[PDB]
Amino acid sequence: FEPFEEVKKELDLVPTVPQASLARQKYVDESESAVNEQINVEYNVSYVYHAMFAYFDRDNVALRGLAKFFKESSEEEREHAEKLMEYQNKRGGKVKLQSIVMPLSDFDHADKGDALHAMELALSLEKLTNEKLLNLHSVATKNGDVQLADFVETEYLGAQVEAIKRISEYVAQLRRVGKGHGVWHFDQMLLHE
Amino acid sequence: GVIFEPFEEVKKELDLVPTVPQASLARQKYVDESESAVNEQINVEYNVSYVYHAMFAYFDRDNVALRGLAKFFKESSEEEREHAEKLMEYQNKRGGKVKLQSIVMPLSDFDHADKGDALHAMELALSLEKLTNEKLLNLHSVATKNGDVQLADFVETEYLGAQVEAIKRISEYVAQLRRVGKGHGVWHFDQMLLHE
Amino acid sequence: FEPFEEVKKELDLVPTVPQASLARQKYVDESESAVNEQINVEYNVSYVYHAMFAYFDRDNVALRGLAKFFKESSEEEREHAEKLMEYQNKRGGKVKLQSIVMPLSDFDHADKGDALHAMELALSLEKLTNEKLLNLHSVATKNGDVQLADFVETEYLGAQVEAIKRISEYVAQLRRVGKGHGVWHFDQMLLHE
Amino acid sequence: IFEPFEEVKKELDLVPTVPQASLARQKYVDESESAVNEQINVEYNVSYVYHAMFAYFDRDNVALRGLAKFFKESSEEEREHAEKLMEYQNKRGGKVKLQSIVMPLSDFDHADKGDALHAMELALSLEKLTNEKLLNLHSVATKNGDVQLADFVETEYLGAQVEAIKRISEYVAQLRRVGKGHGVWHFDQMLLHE
Ligand SMILES: [Ca+2]
Ligand SMILES: [Ca+2]
Ligand SMILES: [Ca+2]
Ligand SMILES: [Ca+2]
Ligand SMILES: [Ca+2]
Ligand SMILES: [Ca+2]
Ligand SMILES: [Ca+2]
Ligand SMILES: [Ca+2]
Ligand SMILES: [Ca+2]
Ligand SMILES: [Ca+2]
Ligand SMILES: [Ca+2]
Ligand SMILES: [Ca+2]
Ligand SMILES: [Ca+2]
Ligand SMILES: [Ca+2]
Ligand SMILES: [Ca+2]
Ligand SMILES: [Ca+2]
Ligand SMILES: [Ca+2]
Ligand SMILES: [Ca+2]
Ligand SMILES: [Ca+2]
Ligand SMILES: [Ca+2]
Ligand SMILES: [Ca+2]
C-alpha cells in the first residue's frame with residue numbers, strides 16, 4: 001500500500017465548481033432521491049400529528065393526554081425528518097424539501113369514538129412509515145450503498161418497530177377500557193405517562 | 001411537487017388493522033419462519049442458561065471448592081437467561097407469539113481425571129458458546145433468506161458482536177488454565193477469576 | 001467431655017476421595033432427593049411465570065402491570081430454586097437439575113377474562129408449591145433431619161403464606177372490578193404498586 | 001428439540017490442542033484474516049502521513065498551529081483505528097501481521113493552492129481512499145459470508161468515515177472561501193481553538 005500513489009486518482013476527482021459536494025462518494029442519485037423522499041414522509045407524519053394535536057386540544061373534545069401525546073409526537077417526527085436532512089448533507093447529497101399536503105382536521109368517529117379512531121390512524125401511519133423506510137432500505141441495497149443501509153437500520157428501523165408496538169398497545173388499551181369514562185381515564189394515564 | 005399523500009396511502013394500512021382480540025396489531029412483514037426461528041433461539045439461550053446453572057452447582061460443592069468458577073458460572077447463567085428474555089421481548093415487539101419449549105436435563109458432574117475439572121468445564125463452556133454462535137448465525141441466515149431486514153439487524157447488533165467477545169473471553173480462560181497447570185495453578189487462576 | 005478422644009472417631013471418617021462431600025453429615029439420600037425435587041418445582045414455576053409474562057407482554061394484550069408482575073415473579077422463583085441448590089451444597093448433597101416441561105403459552109379465557117384467569121392460575125400454582133414444600137418438610141421430619149426442616153420453615157413456608165395471601169387479594173380485586181375498564185385500572189394499580 | 005450436550009460434541013472435540021492455534025477462531029476464513037491485516041496497514045499508513053503533515057505545519061517558517069494540532073491529533077486517532085482492527089483480529093482468532101510502512105512526503109507546500117488548502121485537499125483524498133479501502137474490506141466479508149466482520153466494519157468504521165469526510169470537506173470549503181494569507185491564518189486560528 002502506497003498512500004501517495006493511490007491517492008492521486010482521488011485528488012484529481014476533487015470538485016472544482018463551488019456548487020458541487022466535496023464529500024460525496026459512492027452515493028448515487030437514486031439514493032439521494034430516496035433520502036429526500038423519506039424526509040418528506042417524516043415531515044408529513046409530523047404535520048398529521050400536529051393536526052391531531054389541534055383536534056384533541058379543542059375545548060369540546062378535551063382529551064389533554066392525547067393532545068399532549070400528538071403534540072410531542074409531531075415534534076419527534078420533525079426530528080426524524082431533520083436527522084435525514086443532516087444525513088443527506090453528511091453524504092454530500094442535496095436536500096430537496098417537497099410540498100406537504102393538507103391533512104384532515106377532524107378526527108371524530110361515531111362507532112369507534114375519537115380516541116380509538118385517532119390511535120388506529122396513528123398506528124396505520126406508523127406502519128405506512130415503516131413501509132416507506134423499508135423502501136428506502138431497498139433502494140440502498142439495490143444500489144449497493146452499504147453505509148446508507150446501515151444508517152437506516154440503526155437509526156430508523158429499530159425505533160419504528162418500537163413505535164409500532166407502543167401505539168399498538170394504546171389501541172389495545174383503548175379497546176379494553178371502552179368509550180366514555182374508560183377513554184377519559186386512559187387519557188389521564190397518557191397525560192401523566 | 002406532491003410525492004406523498006398520507007391519508008390516501010394509509011387507507012390500505014387501516015383496513016388491515018386486526019379486529020379479533022388474539023391477533024397482534026403490531027405484526028408487519030414478520031413471517032412464520034422468522035417467528036419460529038426466534039422461538040428456537042429463545043430455547044437455545046435458555047438451555048445454555050440451565051447448563052451454566054448446573055455448572056455453578058457443581059463448582060459450589062464443598063469438596064470442589066472453586067469459588068471463582070462457581071461465581072463465573074452463576075453469573076453466566078443469569079446472563080444467558082437475559083439473552084433469552086431479550087429475544088422474548090423482541091418476539092413481542094415484532095408481534096410474534098413467544099412459545100417457550102421444554103428444557104432438557106443437563107449433566108450434573110463436571111469432573112475429569114485427565115484435564116482436571118476446571119479446564120474441562122471451561123472447554124465445555126467454550127464449545128457451548130461456539131455452538132450458540134452457530135445457532136445465532138443460523139437465525140441470522142433465516143432472517144436474510146426471508147428478507148427480514150430488521151430481524152437480521154437485531155441479531156447482528158444485539159447478539160453477534162457480544163458472542164464473539166464471549167468466545168474470546170472463555171478462550172483466554174482455557175489458555176490460562178492450560179498454562180498454570182493442575183493443583184496450585186488452577187486454584188490461583190480460580191482466585192483471579194473470583195476477584196476479576 | 002474429651003474433644004480429642006471423642007474426635008478420633010470423627011477424624012478417621014473424613015472422606016479421602018475428591019468426589020465425596022466433606023461436609024455431609026446426617027443427611028440421608030431421601031432428604032437429598034426431596035431437595036432436588038423441590039429445586040425442580042421452583043424452577044418449573046419460574047418458567048411458567050416467564051411464559052405468563054410473555055403472554056401479557058403481547059401488544060394486543062397490553063396489560064403492563066401483569067406483565068411486570070409475572071416477569072418479577074419468574075425472577076423471584078428462580079431465586080427460590082437457587083437458594084435450594086445452595087442449601088443442597090451446604091449439606092453436602094449433590095444438585096441434580098431435571099428437565100423442565102413446556103408450559104402453556106396462551107392465557108386468554110372467554111368467561112373469566114385473561115387477567116382473572118392468569119391470577120387464579122398463579123394462585124393455584126402457589127398453592128401447589130406450598131403443598132410440595134410441606135411434603136419436603138414432611139420428608140425432613142420423617143427422617144429426623146432437624147436442620148432441613150428448619151431451613152424449609154425459615155426460608156420458604158412463611159414467604160409462601162404471604163405470596164398466597166397476596167395473589168388471593170389480586171384475585172378478589174379482579175373479581176370486584178370486573179372486565180374491561182376495571183381490569184385495566186387494576187392493572188395500572190399493579191403496574192405502580 | 002435442542003440438546004446442548006449432544007450438539008456440543010461436534011465443537012467439543014474441535015477444541016485445538018497445540019499452543020500456537022487460536023481457540024476462539026470460528027467461521028473466519030484466511031481471506032478475511034488477510035483483508036483485516038491489509039486494512040490495519042492502511043490505517044497505520046494514514047496515521048504516518050498525518051504525522052508527516054503535523055511535522056510540516058509545526059515548522060517555524062510555516063507556523064500554522066491549528067493545522068499542526070489537527071494533523072497531530074488525526075495521526076493519533078488513525079493509530080487508534082489501526083489498533084482497533086488489531087484487537088478485532090485477535091477477537092476473531094486471526095493473527096495480526098504488521099506490514100512495512102512506506103516513507104511519506106515531507107513537504108506540503110503548493111504554489112497555486114497554498115500549503116493549508118493543499119494539505120486539506122490531500123487529507124480529504126486520503127480519507128476517501130480509506131473509505132474505498134474500508135468498503136473493499138466489507139466486500140471481502142460479504143463475499144465470504146462473514147456476517148460479524150461485515151457488521152464490525154459498518155459499526156466501527158463506515159459511519160465514522162462518512163463523518164470524517166464531511167468534516168474535512170468543510171475545511172477545504174472554508175479555506176477556499178477565506179483565501180490565502182490573512183484568511184488562511186484566521187481559519188487556522190479557528191481550527192486551533194475548535
Ligand atoms: Ca417517524
Ligand atoms: Ca432539532
Ligand atoms: Ca436536532
Ligand atoms: Ca445533483
Ligand atoms: Ca414496553
Ligand atoms: Ca448466550
Ligand atoms: Ca431484561
Ligand atoms: Ca430481566
Ligand atoms: Ca400465529
Ligand atoms: Ca447493526
Ligand atoms: Ca416459589
Ligand atoms: Ca442469583
Ligand atoms: Ca442469589
Ligand atoms: Ca450420592
Ligand atoms: Ca423451627
Ligand atoms: Ca398485606
Ligand atoms: Ca482512519
Ligand atoms: Ca490505544
Ligand atoms: Ca494461520
Ligand atoms: Ca449491519
Ligand atoms: Ca457538523
Side-chain angles (χ1 to χ4, degrees), chain A residues 39 42-43 46 50 72-90 95 97 155, chain B residues 38-56 72-93 98 100 103 106 124-140 154-171, chain C residues 46-47 49-54 56-57 64 67-79 82, chain D residues 2 4 7-8 11 24 26 148:
Chain A
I39 290 164
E42 305 293 347
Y43 233 119
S46 179
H50 222 185
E72 293 173 350
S73 295
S74 174
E75 195 172 350
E76 183 181 20
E77 291 293 319
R78 182 165 173 287
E79 292 304 310
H80 294 172
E82 192 169 76
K83 180 189 284 183
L84 279 156
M85 296 163 62
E86 292 165 4
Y87 181 82
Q88 185 74 285
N89 282 330
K90 284 180 189 186
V95 170
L97 296 179
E155 299 294 325
Chain B
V38 169
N39 279 328
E40 262 304 310
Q41 189 63 27
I42 290 170
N43 188 246
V44 167
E45 306 289 347
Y46 233 118
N47 264 278
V48 177
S49 176
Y50 206 49
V51 173
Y52 287 150
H53 222 186
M55 295 174 86
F56 152 74
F72 170 75
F73 289 119
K74 192 182 212 185
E75 302 184 346
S76 291
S77 181
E78 191 172 356
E79 162 128 48
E80 292 295 317
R81 184 170 173 280
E82 291 304 317
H83 294 165
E85 190 171 73
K86 179 193 285 190
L87 276 151
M88 294 163 69
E89 289 162 7
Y90 184 81
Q91 185 77 284
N92 279 334
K93 289 178 186 196
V98 173
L100 294 178
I103 296 173
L124 170 59
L126 179 57
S127 303
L128 285 172
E129 294 303 312
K130 284 184 159 188
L131 167 66
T132 301
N133 197 26
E134 192 159 48
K135 296 296 186 162
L136 289 162
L137 289 170
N138 286 170
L139 166 56
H140 190 269
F154 171 70
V155 174
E156 294 177 20
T157 309
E158 298 301 323
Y159 292 85
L160 301 180
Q163 194 62 27
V164 161
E165 265 147 12
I167 289 166
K168 201 212 182 187
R169 173 189 186 188
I170 297 161
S171 292
Chain C
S46 178
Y47 208 50
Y49 285 153
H50 221 187
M52 280 187 186
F53 150 76
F56 289 100
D57 184 56
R64 287 166 292 149
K68 179 154 92 74
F69 171 72
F70 289 120
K71 193 185 211 180
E72 289 173 355
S73 296
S74 175
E75 175 178 289
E76 283 187 29
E77 288 299 314
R78 181 173 175 279
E79 290 311 308
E82 198 173 65
Chain D
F2 182 59
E7 314 190 10
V8 86
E11 216 83 56
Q26 181 181 18
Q148 207 282 317

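Order of appearance sets the numbers: ligands from 1, and atoms from 1 within every ligand. These numbers come from the heavy atoms of this one structure, side chains and all, not from hydrogens, waters or symmetry mates. Residue numbering restarts at 1 for every chain, and letters A, B, ... go by the order of the sequence lines.
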Report task. Before accepting this row, confirm whether a basic side-chain N of the pair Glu89(B)/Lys93(B) lies closer than 4.0 Å to the acidic partner's carboxylate O. Result -> no
Query raised in the report: Under the 6.0 Å and 45° cation-pi test, does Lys86(B) pair with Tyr159(B)?
Result: yes
Report summary line: Test side chain to side chain contact (heavy atoms under 4.5 Å, CB included), reference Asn43(B), set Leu100(B), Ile103(B), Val48(B), output is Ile103(B)
Query raised in the report: What N/O/S atom of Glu85(B) is the closest to the Ca ion (ligand 8)?
Result: OE1
Query raised in the report: Any N/O/S of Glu82(B) under 3.0 Å from the Ca ion (ligand 8)?
Result: yes
Query raised in the report: Is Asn133(B) reaching over with its side chain to a backbone N or O of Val164(B), donor-acceptor style, under 3.5 angstrom?
Result: no
Query raised in the report: Would you call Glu76(C) and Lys71(C) a salt bridge, taking side-chain N to carboxylate O under 4.0 Å as the test?
Result: no
Requested in this report: Could you please tell me which protein N, O or S atoms lie under 3.0 Å from the Ca ion (ligand 6)?
Outcome: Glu45(B) OE1, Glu80(B) OE1, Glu80(B) OE2, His83(B) ND1
Query raised in the report: Hey, is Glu42(A) close enough to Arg78(A) for a salt bridge, meaning N to O under 4.0 Å?
Result: no
Requested in this report: Kindly say whether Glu129(B) contributes a backbone atom to a donor-acceptor pair with the side chain of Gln163(B) at under 3.5 angstrom?
Outcome: yes
